[PDB]
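Notes to accompany the following structure.
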Ligand SMILES: *[C@@H]1O[C@H](CO)[C@@H](O)[C@H](O)[C@H]1NC(C)=O
Ligand SMILES: *[C@@H]1O[C@H](CO)[C@@H](O)[C@H](O)[C@H]1NC(C)=O
Ligand SMILES: *[C@@H]1O[C@H](CO)[C@@H](O)[C@H](O)[C@H]1NC(C)=O
Ligand SMILES: *[C@@H]1O[C@H](CO)[C@@H](O)[C@H](O)[C@H]1NC(C)=O
Ligand SMILES: *[C@@H]1O[C@H](CO)[C@@H](O)[C@H](O)[C@H]1NC(C)=O
Ligand SMILES: *[C@@H]1O[C@H](CO)[C@@H](O)[C@H](O)[C@H]1NC(C)=O
């Protein structure tokens, strides 16, 4: 039953905010580090942010630093992405993905994003 | 930022093999993962830890990382293998997960 | 860089042992042959109390065991018993924050780095390695020791090398005198399985750095072996004191034996 | 007061001209006319003088060997 369900996407004008969600079920959510990866239409994959298994560490992408905030609720099995000061270049489909944490470390040497969500569409247009 | 280079497109005949080149700086010291994304759906991990396959990926896929030569290999190419492939690493020198530019694999 | 945070921070209880007769080093660089020479310097007194800890280099498992910050006093004899090079270096200073200068002596796989800066050290200084299965070799790729380093007053990077990632005993003496941080070192392959080995071995001068800072505390830096998912290294700390020592030089110049004059009336008579 | 280091590392200490109260300090104190002797077992036997201490008091190393004063 391992699955990831994104939601919260929508159509928004520049400057406005948006909170994305990613419901996880079928596995041990607190044992995986969660990622956000966006894909602009017709373009490649771009890594957004990561949060470790217990939310003690998080790393952001330069393009979203200072505007995006990542968080997780471990008693609800949900990953969040707060997106403020959105720009037209934030238009993409946003994916969440899991990756196994070794023993308190979610660097990504031994494991990759083995399970991806369906995705949620974000469009920023005037 | 840390750059990951890939050839934009690779063409192969069915039954032959395709080789996809991931270009990185000191990538011989990094652990490369590969993702297959057929148009319309989310990407799928096909190679992790440079050469390990997940439980469901067929044995036709394999990866290498030897002598600054990280490579995804698909033997006995089928029409269903027509997808975009990305390499991906964790670059601690910049605290960034970096995805490659991508390679479109069309089957001639 | 950016420090790695640990939610569960603990440290093993300290343990106590005895210095036996180690810590002797060459005070001067004068060739002396087949003679007894007497000098009063900061020496590790014979049979001195020593505090020893462990450097846990593997997690198998979400508990971060941290090294303790120890006093420096007048100088330190620091020894390490390990198979692989787990102990990588130390940080020295008084406040160990951005308010004062701080010395950092670390040994990454490429070369040795010595920097004296206004460091803002991490809560848990981290050095992480991962095993490259396709190359059958370990590669260190995590170095998160300090979050900030400004107004540096010293930098030194040794020539690159390849560190190999039967125990090894690595002994050092650190002495902060007259603006010079003097380090003496010695390496021997020891056969012991637990505890500091009893014996005599003169430490040779490694290097004296004109750092010119005040040092009252220090902390040890170790390596972490990242594993997908027991023989940890052990280090020992003793403190120097102003003592008069009688050193015995053989025909080739090696210090073969020493007498701690003030240890006991017998040594005073010697 | 010491025998040869070739013999033992055990030694006795004489504090010259002091009382055995102002005084490392083992449980073998003995007040000689020359001072206070610490670490030598006083013996009622009489032997030849081996290590002179003074006032007719001498010290030897004898048997489990130990420094004795006599
Ligand atoms: C070493 O130190 C401990 C306390 O730190 C003390 O109890 C012990 O007696 C000391 N050993 C010696 C030989 O003085
Ligand atoms: C470095 O020193 C200068 C003056 O020596 C001071 O103005 C500056 O603030 C210092 N750096 C930091 C980060 O405070
Ligand atoms: C000095 O070195 C020579 C070199 O063989 C050796 O024969 C000699 O024993 C050494 N001297 C001492 C005192 O060990
Ligand atoms: C120590 O005394 C013994 C006699 O018991 C003698 O054989 C030996 O030569 C002495 N040691 C030295 C260094 O002369
Ligand atoms: C030593 O001191 C005690 C008490 O202080 C005194 O009775 C005794 O006579 C003294 N003996 C000598 C030899 O000074
Ligand atoms: C020596 O003899 C005296 C009596 O003459 C006695 O009081 C004393 O305890 C004796 N000492 C020893 C060590 O036997």
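Chain D uses Swiss-Prot numbers throughout; the residues present, in order, are 598-620, 637-676, 689-695.
Going by what the header records, the deposited coordinates were determined by electron microscopy, 4.9 Å.
Here the Cβ of each residue, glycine as well, is placed from N, Cα and C on the backbone.
According to Swiss-Prot, the feature N-linked glycosylation site maps to D:603, D:616, D:657, an assignment based on experimental evidence. The annotation disulfide bond is assigned in Swiss-Prot to D:617-D:649, D:662-D:671 on the grounds of experimental evidence. Sequence annotations record features per position, and here Swiss-Prot assigns O-linked glycosylation site to D:676 based on experimental evidence.
Most buried of the glycosylation sites D:603, D:616, D:657, D:676, judged by other Cβ atoms within 10 Å, is D:616. The subset of recorded positions (D:603, D:649, D:657, D:662, D:671, D:676) lying with their Cα within 10 Å of the Cα of residue D:616 (N-linked glycosylation site) consists of D:649, given in sequence order. Between the alpha carbons (Cα) of residue D:617 (disulfide bond) and residue D:657 (N-linked glycosylation site) lies a span of roughly 20 Å. For ligand 6, no neighbouring recorded positions occur among D:603, D:662, D:671, D:676, by Cβ distance under 6 Å.
Straight-line distance linking the Cα atoms of residue D:671 (disulfide bond) and residue D:657 (N-linked glycosylation site), rounded to a whole number, equals 12 Å. Cβ-based neighbour count (10 Å, all protein chains) for residue D:671 (disulfide bond) stands at 18. The most densely surrounded of the disulfide-bonded residues D:617, D:649, D:662 is D:649 (count of other Cβ atoms within 10 A of its Cβ).
A Cα-Cα distance of 18 Å separates residue D:662 (disulfide bond) from residue D:649 (disulfide bond). Closest to residue D:603 (N-linked glycosylation site) in space, going by CA atoms and restricting to the recorded positions D:649, D:657, D:676, is D:676. By the rule that a residue counts when its Cβ sits under 6 Å from some atom of ligand 4, the recorded positions D:616, D:617, D:649, D:657, D:662 yield nothing.
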